[PDB]
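Dropping entry.pdb in here (PDB, C-alpha atoms):
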ATOM      1  CA  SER M  45     158.389 124.795 161.550  1.00  0.00           C
ATOM      2  CA  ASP M  46     158.081 127.641 159.028  1.00  0.00           C
ATOM      3  CA  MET M  47     158.836 130.718 161.143  1.00  0.00           C
ATOM      4  CA  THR M  48     161.960 129.114 162.593  1.00  0.00           C
ATOM      5  CA  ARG M  49     162.984 128.026 159.083  1.00  0.00           C
ATOM      6  CA  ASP M  50     164.198 131.572 158.267  1.00  0.00           C
ATOM      7  CA  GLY M  51     164.952 133.301 161.594  1.00  0.00           C
ATOM      8  CA  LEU M  52     166.042 130.258 163.619  1.00  0.00           C
ATOM      9  CA  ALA M  53     168.281 129.577 160.619  1.00  0.00           C
ATOM     10  CA  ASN M  54     169.845 133.097 161.003  1.00  0.00           C
ATOM     11  CA  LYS M  55     168.868 134.239 164.549  1.00  0.00           C
ATOM     12  CA  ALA M  56     169.874 130.877 166.155  1.00  0.00           C
ATOM     13  CA  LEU M  57     172.912 130.311 163.951  1.00  0.00           C
ATOM     14  CA  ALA M  58     174.371 133.651 165.197  1.00  0.00           C
ATOM     15  CA  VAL M  59     173.806 133.345 169.016  1.00  0.00           C
ATOM     16  CA  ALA M  60     174.636 129.685 168.785  1.00  0.00           C
ATOM     17  CA  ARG M  61     177.797 131.027 167.216  1.00  0.00           C
ATOM     18  CA  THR M  62     178.718 133.364 170.154  1.00  0.00           C
ATOM     19  CA  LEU M  63     179.149 130.459 172.434  1.00  0.00           C
ATOM     20  CA  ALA M  64     179.962 127.794 169.787  1.00  0.00           C
ATOM     21  CA  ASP M  65     182.711 130.362 169.327  1.00  0.00           C
ATOM     22  CA  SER M  66     183.872 130.473 172.981  1.00  0.00           C
ATOM     23  CA  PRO M  67     186.691 128.072 174.174  1.00  0.00           C
ATOM     24  CA  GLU M  68     184.831 125.272 176.008  1.00  0.00           C
ATOM     25  CA  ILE M  69     183.664 124.511 172.454  1.00  0.00           C
ATOM     26  CA  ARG M  70     186.761 123.288 170.566  1.00  0.00           C
ATOM     27  CA  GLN M  71     187.362 121.637 173.918  1.00  0.00           C
ATOM     28  CA  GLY M  72     183.845 120.084 173.882  1.00  0.00           C
ATOM     29  CA  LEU M  73     184.638 118.740 170.471  1.00  0.00           C
ATOM     30  CA  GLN M  74     187.626 117.199 172.225  1.00  0.00           C
ATOM     31  CA  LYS M  75     184.859 115.412 174.239  1.00  0.00           C
ATOM     32  CA  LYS M  76     181.452 113.735 173.419  1.00  0.00           C
ATOM     33  CA  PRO M  77     177.666 114.629 174.111  1.00  0.00           C
ATOM     34  CA  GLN M  78     176.936 113.448 177.708  1.00  0.00           C
ATOM     35  CA  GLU M  79     180.193 115.099 179.034  1.00  0.00           C
ATOM     36  CA  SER M  80     180.460 118.190 176.813  1.00  0.00           C
ATOM     37  CA  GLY M  81     179.374 121.616 178.113  1.00  0.00           C
ATOM     38  CA  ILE M  82     176.566 122.815 175.845  1.00  0.00           C
ATOM     39  CA  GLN M  83     175.269 125.040 178.662  1.00  0.00           C
ATOM     40  CA  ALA M  84     176.821 128.231 177.088  1.00  0.00           C
ATOM     41  CA  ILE M  85     175.485 128.040 173.544  1.00  0.00           C
ATOM     42  CA  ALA M  86     172.306 127.410 175.688  1.00  0.00           C
ATOM     43  CA  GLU M  87     173.074 131.102 176.480  1.00  0.00           C
ATOM     44  CA  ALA M  88     171.575 130.975 172.931  1.00  0.00           C
ATOM     45  CA  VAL M  89     168.737 128.787 174.384  1.00  0.00           C
ATOM     46  CA  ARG M  90     167.625 131.771 176.526  1.00  0.00           C
ATOM     47  CA  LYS M  91     167.966 134.583 173.954  1.00  0.00           C
ATOM     48  CA  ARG M  92     166.140 132.552 171.271  1.00  0.00           C
ATOM     49  CA  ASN M  93     163.032 131.242 173.196  1.00  0.00           C
ATOM     50  CA  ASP M  94     164.010 129.624 176.539  1.00  0.00           C
ATOM     51  CA  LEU M  95     163.924 126.374 174.480  1.00  0.00           C
ATOM     52  CA  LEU M  96     165.831 124.529 171.636  1.00  0.00           C
ATOM     53  CA  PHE M  97     168.247 121.558 171.234  1.00  0.00           C
ATOM     54  CA  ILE M  98     171.221 123.887 170.611  1.00  0.00           C
ATOM     55  CA  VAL M  99     173.898 121.443 169.911  1.00  0.00           C
ATOM     56  CA  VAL M 100     177.547 121.617 169.097  1.00  0.00           C
ATOM     57  CA  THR M 101     178.750 118.139 168.194  1.00  0.00           C
ATOM     58  CA  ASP M 102     182.016 116.372 168.432  1.00  0.00           C
ATOM     59  CA  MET M 103     182.262 114.272 165.333  1.00  0.00           C
ATOM     60  CA  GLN M 104     179.152 112.436 166.648  1.00  0.00           C
ATOM     61  CA  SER M 105     175.766 114.134 166.288  1.00  0.00           C
ATOM     62  CA  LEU M 106     173.375 114.117 169.121  1.00  0.00           C
ATOM     63  CA  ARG M 107     171.404 116.813 170.808  1.00  0.00           C
ATOM     64  CA  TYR M 108     173.731 117.934 173.450  1.00  0.00           C
ATOM     65  CA  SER M 109     170.886 120.203 174.540  1.00  0.00           C
ATOM     66  CA  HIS M 110     166.994 119.935 174.663  1.00  0.00           C
ATOM     67  CA  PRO M 111     164.166 120.791 177.179  1.00  0.00           C
ATOM     68  CA  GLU M 112     162.854 117.210 177.127  1.00  0.00           C
ATOM     69  CA  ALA M 113     165.530 114.568 177.791  1.00  0.00           C
ATOM     70  CA  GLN M 114     164.183 111.657 175.615  1.00  0.00           C
ATOM     71  CA  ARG M 115     164.172 113.539 172.225  1.00  0.00           C
ATOM     72  CA  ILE M 116     167.954 113.885 172.589  1.00  0.00           C
ATOM     73  CA  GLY M 117     169.177 110.245 172.489  1.00  0.00           C
ATOM     74  CA  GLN M 118     167.220 109.742 169.184  1.00  0.00           C
ATOM     75  CA  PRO M 119     168.869 111.849 166.348  1.00  0.00           C
ATOM     76  CA  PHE M 120     171.518 109.689 164.622  1.00  0.00           C
ATOM     77  CA  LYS M 121     172.272 108.572 161.040  1.00  0.00           C
ATOM     78  CA  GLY M 122     169.802 111.485 160.489  1.00  0.00           C
ATOM     79  CA  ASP M 123     171.660 111.790 157.155  1.00  0.00           C
ATOM     80  CA  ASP M 124     171.225 115.572 157.528  1.00  0.00           C
ATOM     81  CA  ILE M 125     174.729 115.693 158.995  1.00  0.00           C
ATOM     82  CA  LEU M 126     176.255 113.513 156.174  1.00  0.00           C
ATOM     83  CA  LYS M 127     176.413 116.814 154.237  1.00  0.00           C
ATOM     84  CA  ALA M 128     177.379 119.127 157.136  1.00  0.00           C
ATOM     85  CA  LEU M 129     179.677 116.632 158.935  1.00  0.00           C
ATOM     86  CA  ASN M 130     181.738 117.097 155.760  1.00  0.00           C
ATOM     87  CA  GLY M 131     180.989 120.822 155.155  1.00  0.00           C
ATOM     88  CA  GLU M 132     177.399 121.729 154.082  1.00  0.00           C
ATOM     89  CA  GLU M 133     174.235 123.571 155.213  1.00  0.00           C
ATOM     90  CA  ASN M 134     171.065 121.423 155.781  1.00  0.00           C
ATOM     91  CA  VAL M 135     167.692 121.657 157.694  1.00  0.00           C
ATOM     92  CA  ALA M 136     165.017 118.997 158.477  1.00  0.00           C
ATOM     93  CA  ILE M 137     161.920 118.383 160.622  1.00  0.00           C
ATOM     94  CA  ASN M 138     161.724 116.187 163.778  1.00  0.00           C
ATOM     95  CA  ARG M 139     158.384 114.737 164.995  1.00  0.00           C
ATOM     96  CA  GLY M 140     157.655 113.709 168.585  1.00  0.00           C
ATOM     97  CA  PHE M 141     154.818 114.471 171.033  1.00  0.00           C
ATOM     98  CA  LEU M 142     154.935 118.307 171.274  1.00  0.00           C
ATOM     99  CA  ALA M 143     158.408 117.815 169.711  1.00  0.00           C
ATOM    100  CA  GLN M 144     157.255 118.758 166.138  1.00  0.00           C
ATOM    101  CA  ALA M 145     160.134 121.182 165.394  1.00  0.00           C
ATOM    102  CA  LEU M 146     162.582 122.370 162.670  1.00  0.00           C
ATOM    103  CA  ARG M 147     166.400 122.222 162.943  1.00  0.00           C
ATOM    104  CA  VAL M 148     169.403 123.567 160.931  1.00  0.00           C
ATOM    105  CA  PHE M 149     172.810 121.978 160.363  1.00  0.00           C
ATOM    106  CA  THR M 150     176.229 123.626 160.124  1.00  0.00           C
ATOM    107  CA  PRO M 151     179.889 122.335 160.014  1.00  0.00           C
ATOM    108  CA  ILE M 152     182.860 122.930 162.403  1.00  0.00           C
ATOM    109  CA  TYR M 153     186.388 123.448 161.055  1.00  0.00           C
ATOM    110  CA  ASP M 154     189.583 122.308 162.759  1.00  0.00           C
ATOM    111  CA  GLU M 155     190.526 126.061 162.348  1.00  0.00           C
ATOM    112  CA  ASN M 156     191.998 125.354 158.913  1.00  0.00           C
ATOM    113  CA  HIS M 157     188.761 125.322 156.881  1.00  0.00           C
ATOM    114  CA  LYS M 158     188.999 121.534 157.405  1.00  0.00           C
ATOM    115  CA  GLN M 159     185.574 120.097 158.380  1.00  0.00           C
ATOM    116  CA  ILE M 160     185.733 117.984 161.602  1.00  0.00           C
ATOM    117  CA  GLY M 161     182.429 118.472 163.459  1.00  0.00           C
ATOM    118  CA  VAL M 162     178.837 119.821 163.162  1.00  0.00           C
ATOM    119  CA  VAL M 163     176.599 122.452 164.834  1.00  0.00           C
ATOM    120  CA  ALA M 164     172.830 121.671 164.774  1.00  0.00           C
ATOM    121  CA  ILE M 165     170.116 123.862 166.313  1.00  0.00           C
ATOM    122  CA  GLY M 166     166.617 122.452 166.821  1.00  0.00           C
ATOM    123  CA  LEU M 167     163.688 124.662 167.796  1.00  0.00           C
ATOM    124  CA  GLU M 168     161.417 122.428 169.987  1.00  0.00           C
ATOM    125  CA  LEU M 169     158.507 124.773 169.154  1.00  0.00           C
ATOM    126  CA  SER M 170     155.392 125.364 171.351  1.00  0.00           C
ATOM    127  CA  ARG M 171     154.867 128.754 173.066  1.00  0.00           C
ATOM    128  CA  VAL M 172     154.881 130.346 169.601  1.00  0.00           C
ATOM    129  CA  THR M 173     151.831 128.925 167.627  1.00  0.00           C
ATOM    130  CA  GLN M 174     149.932 132.230 167.991  1.00  0.00           C
ATOM    131  CA  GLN M 175     152.872 134.358 166.681  1.00  0.00           C
ATOM    132  CA  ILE M 176     153.624 131.692 164.017  1.00  0.00           C
ATOM    133  CA  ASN M 177     150.019 131.775 162.651  1.00  0.00           C
ATOM    134  CA  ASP M 178     149.256 135.529 162.341  1.00  0.00           C
ATOM    135  CA  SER M 179     152.722 136.985 161.501  1.00  0.00           C
ATOM    136  CA  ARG M 180     154.006 134.042 159.348  1.00  0.00           C
TER     137      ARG M 180
END
Kindly return the structure encoded in the file as structure tokens.
Amino acid sequence: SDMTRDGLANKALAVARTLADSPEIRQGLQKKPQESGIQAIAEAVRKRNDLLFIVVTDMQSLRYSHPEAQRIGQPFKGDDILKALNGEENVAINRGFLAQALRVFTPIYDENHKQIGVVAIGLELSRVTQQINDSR
């Protein structure tokens, strides 16, 4: 929620970027959610907190990644991408049993500064309340 707001924004944007930066990526974009290969940005899943919906999207949003399977298939017309899909930063809250979590939005360029896809990163949240209450 709050804590993730600032560091997940930065901390998860960057590790999500090491793998969203690999090659399977532009090639995942050449594919869709259920057949992509979001397992490497998940390399960002591990470094961040063993959890997240670290998603790279073809031009079709959807949590490519997530600990729970059902929260994935939901996100759509979320309108948060309407700004990123076309180049723009945006963050919003999701709300499901234990799923209460924050997520950021980022755009993908065809490699010409031309917006063609979006990178979202949702922190499922949970094993963190303690740290979130005293420190933040």
Return as an NGL selection string the set of residues that the PyMOL selection byres ((chain M and resi 76-86) around 7) yields on the displayed structure. :M and (60 or 63-64 or 68 or 72-73 or 75 or 87-90 or 98-102 or 106 or 108-109)
Picked residues, the PyMOL selection byres ((chain M and resi 160-166) around 7), expected as a ChimeraX atom specification: /M:96-103,128-129,145-154,158-159,167-168
Coordinates of box centre and edge lengths for stretch 94-108 of chain M, 5 Å on every side, axis-aligned, as AutoDock Vina command-line options:
--center_x 173.1 --center_y 121.0 --center_z 170.9 --size_x 28.3 --size_y 27.2 --size_z 21.2
Here's the selection I'm unsure about, the PyMOL selection byres ((chain M and resi 115) around 10); applied to the file above, which residues does it give, as a PDB file with C-alpha atoms, keeping the file's coordinate frame?
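As a result, selection25.pdb now contains:
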ATOM      1  CA  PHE M  97     168.247 121.558 171.234  1.00  0.00           C
ATOM      2  CA  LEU M 106     173.375 114.117 169.121  1.00  0.00           C
ATOM      3  CA  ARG M 107     171.404 116.813 170.808  1.00  0.00           C
ATOM      4  CA  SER M 109     170.886 120.203 174.540  1.00  0.00           C
ATOM      5  CA  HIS M 110     166.994 119.935 174.663  1.00  0.00           C
ATOM      6  CA  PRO M 111     164.166 120.791 177.179  1.00  0.00           C
ATOM      7  CA  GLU M 112     162.854 117.210 177.127  1.00  0.00           C
ATOM      8  CA  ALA M 113     165.530 114.568 177.791  1.00  0.00           C
ATOM      9  CA  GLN M 114     164.183 111.657 175.615  1.00  0.00           C
ATOM     10  CA  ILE M 116     167.954 113.885 172.589  1.00  0.00           C
ATOM     11  CA  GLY M 117     169.177 110.245 172.489  1.00  0.00           C
ATOM     12  CA  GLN M 118     167.220 109.742 169.184  1.00  0.00           C
ATOM     13  CA  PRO M 119     168.869 111.849 166.348  1.00  0.00           C
ATOM     14  CA  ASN M 138     161.724 116.187 163.778  1.00  0.00           C
ATOM     15  CA  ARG M 139     158.384 114.737 164.995  1.00  0.00           C
ATOM     16  CA  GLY M 140     157.655 113.709 168.585  1.00  0.00           C
ATOM     17  CA  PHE M 141     154.818 114.471 171.033  1.00  0.00           C
ATOM     18  CA  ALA M 143     158.408 117.815 169.711  1.00  0.00           C
ATOM     19  CA  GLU M 168     161.417 122.428 169.987  1.00  0.00           C
TER      20      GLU M 168
END
Rank M:125, M:177, M:133, M:155 by their smallest atom-to-atom distance to residue M:54, using only C-alpha atoms, and report the top residue only. M:133
Could you state the separation of atom CA of residue M:58 and atom CA of residue M:137 in Å, given to one decimal place? 20.2 Å
Hey, which of M:92, M:105, M:142, M:52 ends up closest to residue M:124? Count all atoms listed in the file.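 Smallest distance to residue M:124 is found for M:105.
Atom CA of residue M:65 is found 19.6 Å from atom CA of residue M:51.
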For residue M:46, find every residue with an atom within 8 Å (counting all atoms listed in the file), except residues of its own chain fewer than 4 positions away, and show them as JSON, numbers by chain. {"M": [50, 146, 176, 180]}
Two-atom distance - atom CA of residue M:135, atom CA of residue M:122 (Å): 10.8 Å
Within 10 Å of residue M:171, counting only C-alpha atoms, which residues qualify if same-chain residues fewer than 5 places away don't, as a list in words?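 Counting only C-alpha atoms, the residues come to residues 93, 94, 95 and 176 of chain M.
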Could you check the closest approach to residue M:56 for each of M:157, M:127, M:70, M:91 and tell me which residue wins, using only C-alpha atoms?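 Nearest to residue M:56: M:91.
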Let me make sure I understand: among M:130, M:104, M:144, M:62, which one has the smallest atom-to-atom distance to residue M:48 if we use all atoms listed in the file?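 For residue M:48, the nearest of the given residues is M:144.
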For stretch 93-123 of chain M, where the input has fewer atoms than it should, I would like N, CA and C atoms rebuilt and written as a PDB file, keeping the file's coordinate frame.
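selection.pdb was written with the following content:
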ATOM      1  N   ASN M  93     164.430 131.306 172.621  1.00  0.00           N
ATOM      2  CA  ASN M  93     163.032 131.242 173.196  1.00  0.00           C
ATOM      3  C   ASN M  93     162.962 130.462 174.530  1.00  0.00           C
ATOM      4  N   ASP M  94     164.026 130.428 175.277  1.00  0.00           N
ATOM      5  CA  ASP M  94     164.010 129.624 176.539  1.00  0.00           C
ATOM      6  C   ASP M  94     164.004 128.120 176.171  1.00  0.00           C
ATOM      7  N   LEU M  95     163.985 127.835 174.891  1.00  0.00           N
ATOM      8  CA  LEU M  95     163.924 126.374 174.480  1.00  0.00           C
ATOM      9  C   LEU M  95     164.703 126.117 173.183  1.00  0.00           C
ATOM     10  N   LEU M  96     165.039 124.862 172.897  1.00  0.00           N
ATOM     11  CA  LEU M  96     165.831 124.529 171.636  1.00  0.00           C
ATOM     12  C   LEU M  96     166.633 123.229 171.896  1.00  0.00           C
ATOM     13  N   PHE M  97     167.279 122.592 170.905  1.00  0.00           N
ATOM     14  CA  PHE M  97     168.247 121.558 171.234  1.00  0.00           C
ATOM     15  C   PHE M  97     169.445 122.236 170.579  1.00  0.00           C
ATOM     16  N   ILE M  98     170.089 123.167 171.268  1.00  0.00           N
ATOM     17  CA  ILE M  98     171.221 123.887 170.611  1.00  0.00           C
ATOM     18  C   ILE M  98     172.415 123.021 170.903  1.00  0.00           C
ATOM     19  N   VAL M  99     172.854 122.444 169.864  1.00  0.00           N
ATOM     20  CA  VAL M  99     173.898 121.443 169.911  1.00  0.00           C
ATOM     21  C   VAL M  99     175.124 121.813 169.103  1.00  0.00           C
ATOM     22  N   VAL M 100     176.233 121.528 169.737  1.00  0.00           N
ATOM     23  CA  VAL M 100     177.547 121.617 169.097  1.00  0.00           C
ATOM     24  C   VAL M 100     177.890 120.154 169.122  1.00  0.00           C
ATOM     25  N   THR M 101     178.477 119.601 168.125  1.00  0.00           N
ATOM     26  CA  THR M 101     178.750 118.139 168.194  1.00  0.00           C
ATOM     27  C   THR M 101     180.207 117.854 168.045  1.00  0.00           C
ATOM     28  N   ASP M 102     180.678 116.837 168.739  1.00  0.00           N
ATOM     29  CA  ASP M 102     182.016 116.372 168.432  1.00  0.00           C
ATOM     30  C   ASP M 102     181.751 115.663 167.122  1.00  0.00           C
ATOM     31  N   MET M 103     182.638 114.907 166.609  1.00  0.00           N
ATOM     32  CA  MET M 103     182.262 114.272 165.333  1.00  0.00           C
ATOM     33  C   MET M 103     181.348 113.092 165.729  1.00  0.00           C
ATOM     34  N   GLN M 104     180.172 113.409 166.282  1.00  0.00           N
ATOM     35  CA  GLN M 104     179.152 112.436 166.648  1.00  0.00           C
ATOM     36  C   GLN M 104     177.959 113.367 166.999  1.00  0.00           C
ATOM     37  N   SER M 105     176.988 113.365 166.132  1.00  0.00           N
ATOM     38  CA  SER M 105     175.766 114.134 166.288  1.00  0.00           C
ATOM     39  C   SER M 105     175.075 113.676 167.493  1.00  0.00           C
ATOM     40  N   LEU M 106     174.200 114.475 167.978  1.00  0.00           N
ATOM     41  CA  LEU M 106     173.375 114.117 169.121  1.00  0.00           C
ATOM     42  C   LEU M 106     173.034 115.448 169.743  1.00  0.00           C
ATOM     43  N   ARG M 107     171.833 115.535 170.213  1.00  0.00           N
ATOM     44  CA  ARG M 107     171.404 116.813 170.808  1.00  0.00           C
ATOM     45  C   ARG M 107     172.075 116.864 172.156  1.00  0.00           C
ATOM     46  N   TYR M 108     172.995 117.726 172.212  1.00  0.00           N
ATOM     47  CA  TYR M 108     173.731 117.934 173.450  1.00  0.00           C
ATOM     48  C   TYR M 108     172.740 118.612 174.380  1.00  0.00           C
ATOM     49  N   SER M 109     171.911 119.432 173.777  1.00  0.00           N
ATOM     50  CA  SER M 109     170.886 120.203 174.540  1.00  0.00           C
ATOM     51  C   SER M 109     169.439 119.899 174.113  1.00  0.00           C
ATOM     52  N   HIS M 110     168.466 120.159 174.988  1.00  0.00           N
ATOM     53  CA  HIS M 110     166.994 119.935 174.663  1.00  0.00           C
ATOM     54  C   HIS M 110     166.171 120.088 175.957  1.00  0.00           C
ATOM     55  N   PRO M 111     164.997 120.704 175.939  1.00  0.00           N
ATOM     56  CA  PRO M 111     164.166 120.791 177.179  1.00  0.00           C
ATOM     57  C   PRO M 111     163.804 119.376 177.641  1.00  0.00           C
ATOM     58  N   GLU M 112     163.194 118.610 176.773  1.00  0.00           N
ATOM     59  CA  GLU M 112     162.854 117.210 177.127  1.00  0.00           C
ATOM     60  C   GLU M 112     164.120 116.361 176.969  1.00  0.00           C
ATOM     61  N   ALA M 113     164.305 115.422 177.839  1.00  0.00           N
ATOM     62  CA  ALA M 113     165.530 114.568 177.791  1.00  0.00           C
ATOM     63  C   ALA M 113     165.436 113.454 176.728  1.00  0.00           C
ATOM     64  N   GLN M 114     164.329 112.782 176.600  1.00  0.00           N
ATOM     65  CA  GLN M 114     164.183 111.657 175.615  1.00  0.00           C
ATOM     66  C   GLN M 114     164.380 112.054 174.128  1.00  0.00           C
ATOM     67  N   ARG M 115     163.977 113.223 173.678  1.00  0.00           N
ATOM     68  CA  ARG M 115     164.172 113.539 172.225  1.00  0.00           C
ATOM     69  C   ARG M 115     165.672 113.526 171.932  1.00  0.00           C
ATOM     70  N   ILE M 116     166.488 113.889 172.884  1.00  0.00           N
ATOM     71  CA  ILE M 116     167.954 113.885 172.589  1.00  0.00           C
ATOM     72  C   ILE M 116     168.403 112.529 172.002  1.00  0.00           C
ATOM     73  N   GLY M 117     168.642 111.592 172.866  1.00  0.00           N
ATOM     74  CA  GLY M 117     169.177 110.245 172.489  1.00  0.00           C
ATOM     75  C   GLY M 117     168.682 109.735 171.121  1.00  0.00           C
ATOM     76  N   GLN M 118     167.696 110.330 170.483  1.00  0.00           N
ATOM     77  CA  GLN M 118     167.220 109.742 169.184  1.00  0.00           C
ATOM     78  C   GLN M 118     168.115 110.127 167.966  1.00  0.00           C
ATOM     79  N   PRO M 119     168.095 111.366 167.527  1.00  0.00           N
ATOM     80  CA  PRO M 119     168.869 111.849 166.348  1.00  0.00           C
ATOM     81  C   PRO M 119     170.184 111.103 166.097  1.00  0.00           C
ATOM     82  N   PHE M 120     170.295 110.450 164.964  1.00  0.00           N
ATOM     83  CA  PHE M 120     171.518 109.689 164.622  1.00  0.00           C
ATOM     84  C   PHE M 120     171.338 109.163 163.195  1.00  0.00           C
ATOM     85  N   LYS M 121     172.410 109.009 162.472  1.00  0.00           N
ATOM     86  CA  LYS M 121     172.272 108.572 161.040  1.00  0.00           C
ATOM     87  C   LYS M 121     171.205 109.467 160.359  1.00  0.00           C
ATOM     88  N   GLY M 122     170.819 110.524 161.031  1.00  0.00           N
ATOM     89  CA  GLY M 122     169.802 111.485 160.489  1.00  0.00           C
ATOM     90  C   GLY M 122     170.121 111.838 159.035  1.00  0.00           C
ATOM     91  N   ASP M 123     171.290 111.495 158.575  1.00  0.00           N
ATOM     92  CA  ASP M 123     171.660 111.790 157.155  1.00  0.00           C
ATOM     93  C   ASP M 123     171.681 113.296 156.889  1.00  0.00           C
TER      94      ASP M 123
END
